There are 2 protein chains.
Amino acid sequence: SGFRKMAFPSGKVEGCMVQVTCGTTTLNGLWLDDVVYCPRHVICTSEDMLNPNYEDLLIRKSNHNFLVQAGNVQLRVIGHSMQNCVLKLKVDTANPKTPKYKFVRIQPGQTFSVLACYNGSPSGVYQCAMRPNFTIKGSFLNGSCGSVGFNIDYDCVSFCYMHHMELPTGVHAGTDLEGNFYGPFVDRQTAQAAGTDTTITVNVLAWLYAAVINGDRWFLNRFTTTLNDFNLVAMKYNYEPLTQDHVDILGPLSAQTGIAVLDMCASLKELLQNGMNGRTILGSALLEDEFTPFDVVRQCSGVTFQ
Amino acid sequence: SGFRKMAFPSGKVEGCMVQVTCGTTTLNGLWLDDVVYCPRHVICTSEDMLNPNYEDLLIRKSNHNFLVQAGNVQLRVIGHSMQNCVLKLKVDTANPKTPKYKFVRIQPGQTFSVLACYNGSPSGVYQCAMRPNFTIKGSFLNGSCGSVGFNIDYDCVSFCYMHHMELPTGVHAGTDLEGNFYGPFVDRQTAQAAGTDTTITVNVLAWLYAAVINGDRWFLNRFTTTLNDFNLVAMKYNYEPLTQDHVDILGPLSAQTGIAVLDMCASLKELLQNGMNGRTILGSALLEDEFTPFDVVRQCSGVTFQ
Ligand SMILES: *[C@@H](CC(=O)OC)C(=O)N(c1cncc(Cl)c1)c1cccc(-c2cccc(Cl)c2)c1
Ligand SMILES: *[C@@H](CC(=O)OC)C(=O)N(c1cncc(Cl)c1)c1cccc(-c2cccc(Cl)c2)c1
């Protein structure tokens, strides 16, 4: 038992991380087969990052302008191209540590692990959710650009996030690995800002089921509610609507605990209207929304990856 | 910016994890050079784990009674011995993935990363603190015995924990890698229980400094307090005493934020006596005590490992 914010084992991704330097800008790249992927703003200087024309900036570059270091070994760049907001650097060596992988784009509300990196060297691993407003609440300092987010399914790494920038509220924005930003953000320095977020209702319900599996039951009750009646309450507290698909997805957790989904909604309703009255759930005094139903099943059942 | 419960990158440990089977019991082992380390209760059956005589149980075993699998490759056991509560299985192959490592024993209040494993296959990574009562609040299911805890310093893995058992309150107990239990626990089935815990005061102060570094300041005030006066309050709220060494250790964080340590103690005093009045700190509505001053400096400054 127990319930932790648990990341995927990071080894398969550690073996892909490299350092990319262009001019005085150094950041991280992702080395898969004979290509290194990195944020295209590596080619920008201080004054460039104001209002850049990336096509113009890149035609002025040569292969030799990109220094790629994999550990203490230099990788010769033999080609380069832009794909949306990422650079693809062709190198003359295929990464022998390339895992089986996919490039997937995730949905707001889904979770992933982040391998934070500096100078091509991994620093730490943590779990993130993509917020409804397409930001992530990460932990990133200068030099972390190019760090990636991912999930692992058996032996295959599904890369879903490349870090690009920090927004003024201290949250983070980036792209999928095709270089397409998550949300209405751009790789230039503007006054862009996050804008309004909501709480991921299906995940809160998942986490309440995790709590019951782990012996926290004080918030349960005999009442039930209808889906429409619950969604009236969710709207009032800035929770996003619950759908019948969400109810279906919560089916297994409902069957394991014996608590009907709509019954757990009544409990969430009460928790929203009354607070927690000085008690905790799974060691938290807030309603936690960064665990998906899959995350709860994985952790409270125990799936591994090889 | 941002602040997350961040684990060390797990790759160096993933390459050491193996499956150890004796009879019908399967758990995890740690393969370093030509030795596999695992909990000695792998040699016990259901009825054995009641009141076992491990010396008696082990003399009845042969090398061939221990099946060790590293992935899909079987390791031939050529010797075996007991060391306190761990088994050391000599195998005929040195692990080519052995990192530089040390066996260290940590103090209550210190943190480490856990690589949870099942059947020798890594499942997830998370950060843990050793509680004052020598338990850890982990996330472990059946089959997780033998999973290890560790820290990484540059390139060297300091192993500090091997998982053995879950206590009745759902918290976890284990040994250092010399096989000596943390706390007053034994590898037999008794009515043993955790017993009383306290909150790690120096870590809460560290985390308040992390909050200030990250822009949360609402809990600051103009008041100060003396060390003795603060410690009177800490005792009342089940916090452990703060020492002058703790104050010294908080020196760098104090100098970076410009907030005297004793001033932050006054803030903690107010937070204990008034609660948080519906506000949060670093996304928590509770005072967090599982970040050390080192953890805060590492994350809010950005040290990597290679
Ligand atoms: C990358 C900066 C770089 O290329 O060299 C250090 C970087 O990690 N940046 C960052 C990311 N996350 C958090 C923090 Cl505090 C910094 C970063 C630094 C400076 C500018 C930018 C940036 C600005 C506008 C648009 C974009 Cl896409 C990036 C990012
Ligand atoms: C290990 C059990 C094993 O050898 O085969 C599965 C195991 O991981 N156990 C465990 C650990 N953490 C959480 C949970 Cl829910 C289970 C475990 C299972 C059964 C018994 C014991 C045990 C009992 C008394 C003493 C000791 Cl040292 C271990 C652990």
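The residue numbers you see begin from 1 on each chain and track the sequence as written, which may not match the entry, and residues missing coordinates are not shown. Chains and ligands are labelled sequentially in the order written, the chains with letters from A and the ligands with numbers from 1. As a rule here, side-chain values come from all non-hydrogen atoms in the structure, and water together with hydrogens is ignored.

Take the interface of chain A and chain B next. Contacts between residues were defined by any pair of non-hydrogen atoms, one from each residue, lying within 4.5 Å. On the side of chain B, 47 residues touch chain A, which itself brings 47 residues to the contact. The term buried area means the drop in 1.4 Å probe accessible area that two parts suffer when joined, counted for both and summed. A combined buried area of about 3300 Å² lies between chain A and chain B, and 50% of that area is made up of carbon and sulfur atoms. When a carboxyl oxygen of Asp or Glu is within 4 Å of a side-chain nitrogen of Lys or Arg, the pair counts as a salt bridge. If you look at where chain A meets chain B, you find 2 salt bridges. The partner of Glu 290 of chain B in a salt bridge is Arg 4 of chain A, with the nearest N and O atoms 2.9 Å apart. What qualifies as a polar contact is a pair of N or O atoms within 3.5 Å, subject to a donor-acceptor requirement within protein and to the restriction that residues adjacent in sequence count only when both atoms come from side chains. Summed over the shared surface of chain A and chain B, the result is 29 residue pairs in polar contact. Helix and strand labels come from DSSP, where a helix needs a run of H or I of at least four residues and a strand needs a run of E of at least two; each type is numbered from the N terminus. Put simply, the parts of the chain that give the side of chain A that touches chain B at least two residues each are α1 (11-14), β9 (111-118), β10 (121-129) and α8 (293-301) of chain A. Examining the composition of the side of chain A that touches chain B, we find that 8 residues originate from one element, β10 of chain A, more than from any other. Amino acids are sorted into nonpolar (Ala, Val, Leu, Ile, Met, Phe, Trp, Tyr, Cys and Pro), charged (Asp, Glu, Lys and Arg) and polar (every other residue, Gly among them). Here the residues of the side of chain A that touches chain B are counted per class, giving 18 nonpolar, 21 polar and 8 charged.

Residues and elements named next belong to chain A. Around ligand 1 lies a shell of 17 residues, among which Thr 25, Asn 142, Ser 144, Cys 145 and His 163 are the nearest. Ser 144 has a polar backbone atom sitting 3.1 Å from an oxygen atom of ligand 1. Residue-level accessible areas treat just the shown protein chains as cover; the underlying method is Shrake-Rupley with a 1.4 Å probe. Considering ligand 1 on its own, with 650 Å² of exposed area, one finds that the protein chains cover 77% of that surface. Of all the elements, strand β12 (residues 156-166) adds the most residues to the shell around ligand 1, at 4 residues. Of the residues contributing to the shell around ligand 1, the split by class is 6 nonpolar, 8 polar and 3 charged. The domain limits used here are those given by an automatic or database domain assignment. Both domain 1 (1-14 + 100-197) and domain 2 (15-99) contribute no fewer than three residues apiece to the shell around ligand 1. When we say a residue is near a molecule or strand, we mean one of its heavy atoms is within 4 Å of it.

Moving on, we get to the sheet that holds strand β7 (residues 86-91) of chain B. One key point about sheets: their strands pair by backbone hydrogen bonds, in either a parallel or an antiparallel sense. All names here are of chain B. In this scheme, strands are said to pair when DSSP sees at least two bridges between them. If you trace the 7 strands from one edge of the open sheet to the other, you get β5-β4-β1-β2-β3-β7-β6, paired in antiparallel fashion. The open sheet is flanked by β5 (73-75) and β6 (77-83), the only strands paired with a single partner. Neighbouring strand axes in the sheet, compared pairwise and without regard to direction, differ in orientation by 30 degrees on average. Angles run from 0 to 180 degrees between N-to-C directions of axes, and those axes are lines fitted to C-alpha atoms, restricted for helices to the stretch in contact.

This part covers the sheet that holds strand β1 (residues 17-22) of chain A. Residue and element names in this part refer to chain A. Here 7 strands make up an open sheet; going across it, the order is β5-β4-β1-β2-β3-β7-β6 and the pairing antiparallel. Both outer strands of the open sheet, β5 (73-75) and β6 (77-83), are each paired with one neighbouring strand and no more. Each neighbouring strand pair of the sheet contributes to a mean axis angle of 30 degrees, computed without reference to strand direction. Across 6 bridges, β1 lies against strand β2 (residues 25-32) in antiparallel orientation. In the sheet register, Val 20 faces β2, and the bridge partner there is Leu 27.

Partitioning chain A into domains gives domain 1 (1-14 + 100-197), domain 2 (15-99) and domain 3 (198-301). Here the C-alpha centre of domain 3 of chain A lies 44 Å away from the C-alpha centre of domain 2 of chain A.

What follows deals with the site of ligand 2. Residues and elements named next belong to chain B. Contacts to ligand 2 come from 17 residues, most closely from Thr 25, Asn 142, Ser 144, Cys 145 and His 163. Within the contact set of ligand 2, an oxygen atom lies 3.4 Å away from a backbone nitrogen or oxygen of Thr 26. The separation between a nitrogen atom of ligand 2 and a polar side-chain atom of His 163 is 2.9 Å. Burial of ligand 2 by the protein chains amounts to 77% of its free accessible area of 650 Å². Of all the secondary structure elements, the ones that give two or more residues to the shell around ligand 2 are β2 (25-32) and β12 (156-166). Top contributing element to the shell around ligand 2 by residue count: β12, with 4 residues. Summarising the domain contributions, the shell around ligand 2 has at least three residues from each of domain 1 (1-14 + 100-197) and domain 2 (15-99).

This part covers the side chain of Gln 192 of chain B. All names here are of chain B. Turning to its location among the elements, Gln 192 is positioned in the loop between β13 (172-175) and α3 (201-213). Note on exposure labels: buried denotes an accessible area under 20% of the residue type's maximum, exposed denotes more than 50%, and partly exposed covers the range between, all computed with a 1.4 Å probe on protein chains only. By relative accessible area, which is 13% here, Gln 192 ends up buried. At a separation of 3.1 Å, a polar atom in the side chain of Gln 192 contacts the main-chain carbonyl oxygen of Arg 188. The residues contacting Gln 192, other than those within four sequence positions of it, are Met 165, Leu 167, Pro 168, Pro 184, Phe 185 and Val 186.

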